[PDB]
$ cat target.pdb   # PDB, N, CA and C atoms
ATOM      1  N   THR D   1     -16.761   0.432 -16.610
ATOM      2  CA  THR D   1     -16.871  -1.041 -16.768
ATOM      3  C   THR D   1     -15.514  -1.716 -16.602
ATOM      4  N   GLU D   2     -15.200  -2.104 -15.370
ATOM      5  CA  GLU D   2     -13.932  -2.761 -15.076
ATOM      6  C   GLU D   2     -14.070  -4.279 -15.171
ATOM      7  N   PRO D   3     -12.942  -4.994 -15.322
ATOM      8  CA  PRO D   3     -12.942  -6.456 -15.425
ATOM      9  C   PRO D   3     -13.710  -7.117 -14.285
ATOM     10  N   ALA D   4     -14.987  -7.397 -14.522
ATOM     11  CA  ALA D   4     -15.831  -8.028 -13.515
ATOM     12  C   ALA D   4     -15.538  -9.525 -13.413
ATOM     13  N   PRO D   5     -15.129 -10.004 -12.222
ATOM     14  CA  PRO D   5     -14.820 -11.422 -12.008
ATOM     15  C   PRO D   5     -16.071 -12.299 -12.043
ATOM     16  N   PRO D   6     -16.224 -13.130 -13.092
ATOM     17  CA  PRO D   6     -17.383 -14.016 -13.238
ATOM     18  C   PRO D   6     -17.368 -15.177 -12.246
ATOM     19  N   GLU D   7     -16.292 -15.284 -11.480
ATOM     20  CA  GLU D   7     -16.160 -16.352 -10.493
ATOM     21  C   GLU D   7     -16.219 -15.794  -9.075
ATOM     22  N   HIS D   8     -17.194 -16.259  -8.301
ATOM     23  CA  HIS D   8     -17.359 -15.809  -6.924
ATOM     24  C   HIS D   8     -18.478 -16.580  -6.228
ATOM     25  N   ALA D   9     -19.720 -16.216  -6.532
ATOM     26  CA  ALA D   9     -20.875 -16.874  -5.937
ATOM     27  C   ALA D   9     -21.650 -17.671  -6.981
ATOM     28  N   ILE D  10     -22.364 -18.697  -6.529
ATOM     29  CA  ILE D  10     -23.148 -19.535  -7.427
ATOM     30  C   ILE D  10     -24.584 -19.670  -6.937
ATOM     31  N   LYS D  11     -25.447 -18.767  -7.391
ATOM     32  CA  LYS D  11     -26.851 -18.787  -6.995
ATOM     33  C   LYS D  11     -27.660 -19.706  -7.906
ATOM     34  N   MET D  12     -27.804 -20.961  -7.494
ATOM     35  CA  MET D  12     -28.554 -21.939  -8.273
ATOM     36  C   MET D  12     -29.874 -22.284  -7.587
ATOM     37  N   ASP D  13     -29.804 -23.138  -6.569
ATOM     38  CA  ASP D  13     -30.995 -23.546  -5.833
ATOM     39  C   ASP D  13     -31.415 -22.474  -4.831
ATOM     40  N   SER D  14     -30.471 -22.038  -4.003
ATOM     41  CA  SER D  14     -30.750 -21.017  -3.001
ATOM     42  C   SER D  14     -29.463 -20.528  -2.343
ATOM     43  N   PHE D  15     -28.451 -20.257  -3.161
ATOM     44  CA  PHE D  15     -27.168 -19.779  -2.657
ATOM     45  C   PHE D  15     -26.953 -18.316  -3.029
ATOM     46  N   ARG D  16     -26.509 -17.520  -2.061
ATOM     47  CA  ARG D  16     -26.266 -16.101  -2.291
ATOM     48  C   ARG D  16     -25.353 -15.519  -1.217
ATOM     49  N   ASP D  17     -24.243 -14.929  -1.646
ATOM     50  CA  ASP D  17     -23.290 -14.325  -0.722
ATOM     51  C   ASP D  17     -23.827 -12.997  -0.193
ATOM     52  N   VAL D  18     -22.981 -12.254   0.514
ATOM     53  CA  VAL D  18     -23.378 -10.966   1.068
ATOM     54  C   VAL D  18     -22.444  -9.857   0.595
ATOM     55  N   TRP D  19     -22.998  -8.667   0.392
ATOM     56  CA  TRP D  19     -22.206  -7.532  -0.061
ATOM     57  C   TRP D  19     -21.504  -6.861   1.115
ATOM     58  N   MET D  20     -20.242  -7.234   1.324
ATOM     59  CA  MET D  20     -19.424  -6.689   2.407
ATOM     60  C   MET D  20     -18.203  -7.576   2.633
ATOM     61  N   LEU D  21     -18.446  -8.783   3.138
ATOM     62  CA  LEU D  21     -17.376  -9.740   3.399
ATOM     63  C   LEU D  21     -17.930 -11.007   4.046
ATOM     64  N   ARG D  22     -19.086 -11.452   3.566
ATOM     65  CA  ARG D  22     -19.724 -12.653   4.094
ATOM     66  C   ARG D  22     -20.607 -13.307   3.035
ATOM     67  N   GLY D  23     -21.445 -14.247   3.464
ATOM     68  CA  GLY D  23     -22.328 -14.928   2.535
ATOM     69  C   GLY D  23     -22.845 -16.247   3.077
ATOM     70  N   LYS D  24     -24.160 -16.427   3.028
ATOM     71  CA  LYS D  24     -24.784 -17.654   3.511
ATOM     72  C   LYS D  24     -25.127 -18.573   2.343
ATOM     73  N   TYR D  25     -25.070 -19.878   2.581
ATOM     74  CA  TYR D  25     -25.372 -20.850   1.537
ATOM     75  C   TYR D  25     -25.993 -22.116   2.121
ATOM     76  N   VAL D  26     -27.266 -22.335   1.809
ATOM     77  CA  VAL D  26     -27.988 -23.507   2.290
ATOM     78  C   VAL D  26     -28.785 -24.146   1.156
ATOM     79  N   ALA D  27     -28.626 -25.456   0.987
ATOM     80  CA  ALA D  27     -29.327 -26.175  -0.072
ATOM     81  C   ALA D  27     -30.346 -27.159   0.490
ATOM     82  N   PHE D  28     -31.387 -27.427  -0.294
ATOM     83  CA  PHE D  28     -32.438 -28.355   0.107
ATOM     84  C   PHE D  28     -32.781 -29.299  -1.041
ATOM     85  N   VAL D  29     -32.746 -30.599  -0.768
ATOM     86  CA  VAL D  29     -33.051 -31.598  -1.786
ATOM     87  C   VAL D  29     -33.902 -32.726  -1.217
ATOM     88  N   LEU D  30     -35.119 -32.858  -1.732
ATOM     89  CA  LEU D  30     -36.034 -33.899  -1.278
ATOM     90  C   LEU D  30     -36.337 -34.885  -2.400
ATOM     91  N   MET D  31     -36.209 -36.172  -2.099
ATOM     92  CA  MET D  31     -36.468 -37.218  -3.083
ATOM     93  C   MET D  31     -37.705 -38.027  -2.703
ATOM     94  N   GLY D  32     -37.877 -39.177  -3.348
ATOM     95  CA  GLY D  32     -39.021 -40.024  -3.063
ATOM     96  C   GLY D  32     -38.706 -41.100  -2.042
ATOM     97  N   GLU D  33     -37.753 -40.817  -1.160
ATOM     98  CA  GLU D  33     -37.357 -41.768  -0.129
ATOM     99  C   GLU D  33     -36.597 -41.065   0.991
ATOM    100  N   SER D  34     -35.494 -40.416   0.633
ATOM    101  CA  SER D  34     -34.675 -39.703   1.607
ATOM    102  C   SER D  34     -34.366 -38.289   1.123
ATOM    103  N   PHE D  35     -33.903 -37.443   2.038
ATOM    104  CA  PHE D  35     -33.569 -36.063   1.703
ATOM    105  C   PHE D  35     -32.490 -35.520   2.632
ATOM    106  N   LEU D  36     -31.605 -34.695   2.083
ATOM    107  CA  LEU D  36     -30.524 -34.103   2.862
ATOM    108  C   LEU D  36     -30.746 -32.602   3.038
ATOM    109  N   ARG D  37     -30.368 -32.085   4.202
ATOM    110  CA  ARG D  37     -30.530 -30.665   4.493
ATOM    111  C   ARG D  37     -29.307 -30.113   5.218
ATOM    112  N   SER D  38     -28.490 -29.355   4.495
ATOM    113  CA  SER D  38     -27.288 -28.762   5.071
ATOM    114  C   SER D  38     -27.545 -27.314   5.482
ATOM    115  N   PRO D  39     -27.086 -26.913   6.682
ATOM    116  CA  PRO D  39     -27.275 -25.546   7.182
ATOM    117  C   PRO D  39     -26.519 -24.515   6.353
ATOM    118  N   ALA D  40     -26.866 -23.245   6.538
ATOM    119  CA  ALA D  40     -26.219 -22.161   5.809
ATOM    120  C   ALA D  40     -24.718 -22.142   6.075
ATOM    121  N   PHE D  41     -23.933 -22.345   5.022
ATOM    122  CA  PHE D  41     -22.480 -22.354   5.144
ATOM    123  C   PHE D  41     -21.900 -20.971   4.855
ATOM    124  N   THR D  42     -20.576 -20.905   4.739
ATOM    125  CA  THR D  42     -19.897 -19.644   4.465
ATOM    126  C   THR D  42     -19.114 -19.705   3.155
ATOM    127  N   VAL D  43     -19.443 -20.681   2.312
ATOM    128  CA  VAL D  43     -18.769 -20.841   1.030
ATOM    129  C   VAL D  43     -19.765 -21.207  -0.071
ATOM    130  N   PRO D  44     -19.786 -20.440  -1.178
ATOM    131  CA  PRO D  44     -20.698 -20.695  -2.295
ATOM    132  C   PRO D  44     -20.277 -21.902  -3.127
ATOM    133  N   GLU D  45     -18.985 -22.213  -3.101
ATOM    134  CA  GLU D  45     -18.456 -23.343  -3.855
ATOM    135  C   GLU D  45     -19.024 -24.661  -3.338
ATOM    136  N   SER D  46     -18.769 -24.953  -2.067
ATOM    137  CA  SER D  46     -19.255 -26.184  -1.453
ATOM    138  C   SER D  46     -20.775 -26.281  -1.541
ATOM    139  N   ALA D  47     -21.437 -25.131  -1.636
ATOM    140  CA  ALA D  47     -22.892 -25.091  -1.726
ATOM    141  C   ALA D  47     -23.394 -25.909  -2.911
ATOM    142  N   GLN D  48     -22.997 -25.503  -4.112
ATOM    143  CA  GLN D  48     -23.408 -26.197  -5.327
ATOM    144  C   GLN D  48     -22.918 -27.642  -5.323
ATOM    145  N   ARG D  49     -21.797 -27.882  -4.652
ATOM    146  CA  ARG D  49     -21.224 -29.220  -4.571
ATOM    147  C   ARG D  49     -22.089 -30.134  -3.708
ATOM    148  N   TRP D  50     -22.690 -29.564  -2.669
ATOM    149  CA  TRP D  50     -23.543 -30.328  -1.766
ATOM    150  C   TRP D  50     -24.838 -30.745  -2.459
ATOM    151  N   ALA D  51     -25.566 -29.762  -2.979
ATOM    152  CA  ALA D  51     -26.826 -30.024  -3.666
ATOM    153  C   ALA D  51     -26.625 -30.964  -4.850
ATOM    154  N   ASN D  52     -25.564 -30.727  -5.616
ATOM    155  CA  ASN D  52     -25.263 -31.554  -6.780
ATOM    156  C   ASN D  52     -24.967 -32.993  -6.370
ATOM    157  N   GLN D  53     -24.231 -33.153  -5.274
ATOM    158  CA  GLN D  53     -23.874 -34.477  -4.776
ATOM    159  C   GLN D  53     -25.119 -35.331  -4.550
ATOM    160  N   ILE D  54     -26.131 -34.738  -3.926
ATOM    161  CA  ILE D  54     -27.372 -35.436  -3.647
ATOM    162  C   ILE D  54     -28.210 -35.601  -4.911
ATOM    163  N   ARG D  55     -28.304 -34.530  -5.694
ATOM    164  CA  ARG D  55     -29.078 -34.551  -6.930
ATOM    165  C   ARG D  55     -28.567 -35.626  -7.883
ATOM    166  N   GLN D  56     -27.251 -35.675  -8.071
ATOM    167  CA  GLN D  56     -26.640 -36.657  -8.963
ATOM    168  C   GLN D  56     -27.032 -38.077  -8.568
ATOM    169  N   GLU D  57     -27.299 -38.279  -7.280
ATOM    170  CA  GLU D  57     -27.686 -39.593  -6.778
ATOM    171  C   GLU D  57     -29.177 -39.836  -6.985
ATOM    172  N   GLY D  58     -29.959 -38.760  -6.952
ATOM    173  CA  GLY D  58     -31.393 -38.879  -7.138
ATOM    174  C   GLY D  58     -31.807 -38.707  -8.586
ATOM    175  N   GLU D  59     -31.755 -39.796  -9.347
ATOM    176  CA  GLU D  59     -32.128 -39.761 -10.756
ATOM    177  C   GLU D  59     -33.639 -39.628 -10.917
ATOM    178  N   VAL D  60     -34.118 -38.389 -10.956
ATOM    179  CA  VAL D  60     -35.544 -38.125 -11.106
ATOM    180  C   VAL D  60     -36.060 -38.645 -12.443
ATOM    181  N   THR D  61     -36.968 -39.614 -12.387
ATOM    182  CA  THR D  61     -37.542 -40.196 -13.593
ATOM    183  C   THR D  61     -38.996 -40.599 -13.374
ATOM    184  N   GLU D  62     -39.668 -39.904 -12.461
ATOM    185  CA  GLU D  62     -41.066 -40.189 -12.157
ATOM    186  C   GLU D  62     -41.244 -41.636 -11.709
TER     187      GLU D  62
END
$ encode --input "target.pdb" --output "structure tokens"
Amino acid sequence: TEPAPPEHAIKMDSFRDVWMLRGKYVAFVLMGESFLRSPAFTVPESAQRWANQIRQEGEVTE
């Protein structure tokens, strides 16, 4: 049990890196008017930032 780095990938909506030296990240957010769709990127950080950016704007309240 070596010091496992808790910082690397962020699998929230649909983000997951690859075991080797890569990783795809694509988020999907649909609202009651508009929706954004970003293609699979190569960074898990920007991934959560993208989905969150749109989500924060879409105040879901029925």
$ select_by_dssp --input "target.pdb" --residues "chain D" --states "alpha helix (DSSP H)" --output "JSON, numbers by chain"
{"D": [44, 45, 46, 47, 48, 49, 50, 51, 52, 53, 54, 55, 56, 57]}
$ atom_distance --input "target.pdb" --atom1 "atom N of residue 22 (chain D)" --atom2 "atom C of residue 4 (chain D)"
17.5 Å
$ atom_distance --input "target.pdb" --atom1 "atom N of residue 59 (chain D)" --atom2 "atom C of residue 23 (chain D)"
28.1 Å
$ resolve_selection --input "target.pdb" --expression "the PyMOL selection byres (((chain D and resi 58 and name CA) around 10) and name CA)" --output "PyMOL selection string"
chain D and resi 29-35+52-57+59-61
$ resolve_selection --input "target.pdb" --expression "the PyMOL selection byres ((chain D and resi 10) around 8)" --output "ChimeraX atom specification"
/D:7-9,11-17,43-45,47-48
$ write_last_selection --input "target.pdb" --atoms "N, CA and C atoms" --output "compact mmCIF listing (two decimals), in the frame of the given file"
# COMPACT_ATOMS: atom_id res chain seq x y z
N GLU D 7 -16.29 -15.28 -11.48
CA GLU D 7 -16.16 -16.35 -10.49
C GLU D 7 -16.22 -15.79 -9.07
N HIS D 8 -17.19 -16.26 -8.30
CA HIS D 8 -17.36 -15.81 -6.92
C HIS D 8 -18.48 -16.58 -6.23
N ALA D 9 -19.72 -16.22 -6.53
CA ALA D 9 -20.88 -16.87 -5.94
C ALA D 9 -21.65 -17.67 -6.98
N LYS D 11 -25.45 -18.77 -7.39
CA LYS D 11 -26.85 -18.79 -7.00
C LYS D 11 -27.66 -19.71 -7.91
N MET D 12 -27.80 -20.96 -7.49
CA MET D 12 -28.55 -21.94 -8.27
C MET D 12 -29.87 -22.28 -7.59
N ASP D 13 -29.80 -23.14 -6.57
CA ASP D 13 -31.00 -23.55 -5.83
C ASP D 13 -31.42 -22.47 -4.83
N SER D 14 -30.47 -22.04 -4.00
CA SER D 14 -30.75 -21.02 -3.00
C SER D 14 -29.46 -20.53 -2.34
N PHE D 15 -28.45 -20.26 -3.16
CA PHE D 15 -27.17 -19.78 -2.66
C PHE D 15 -26.95 -18.32 -3.03
N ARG D 16 -26.51 -17.52 -2.06
CA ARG D 16 -26.27 -16.10 -2.29
C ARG D 16 -25.35 -15.52 -1.22
N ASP D 17 -24.24 -14.93 -1.65
CA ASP D 17 -23.29 -14.32 -0.72
C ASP D 17 -23.83 -13.00 -0.19
N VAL D 43 -19.44 -20.68 2.31
CA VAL D 43 -18.77 -20.84 1.03
C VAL D 43 -19.76 -21.21 -0.07
N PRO D 44 -19.79 -20.44 -1.18
CA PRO D 44 -20.70 -20.70 -2.30
C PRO D 44 -20.28 -21.90 -3.13
N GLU D 45 -18.98 -22.21 -3.10
CA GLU D 45 -18.46 -23.34 -3.86
C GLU D 45 -19.02 -24.66 -3.34
N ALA D 47 -21.44 -25.13 -1.64
CA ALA D 47 -22.89 -25.09 -1.73
C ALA D 47 -23.39 -25.91 -2.91
N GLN D 48 -23.00 -25.50 -4.11
CA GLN D 48 -23.41 -26.20 -5.33
C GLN D 48 -22.92 -27.64 -5.32
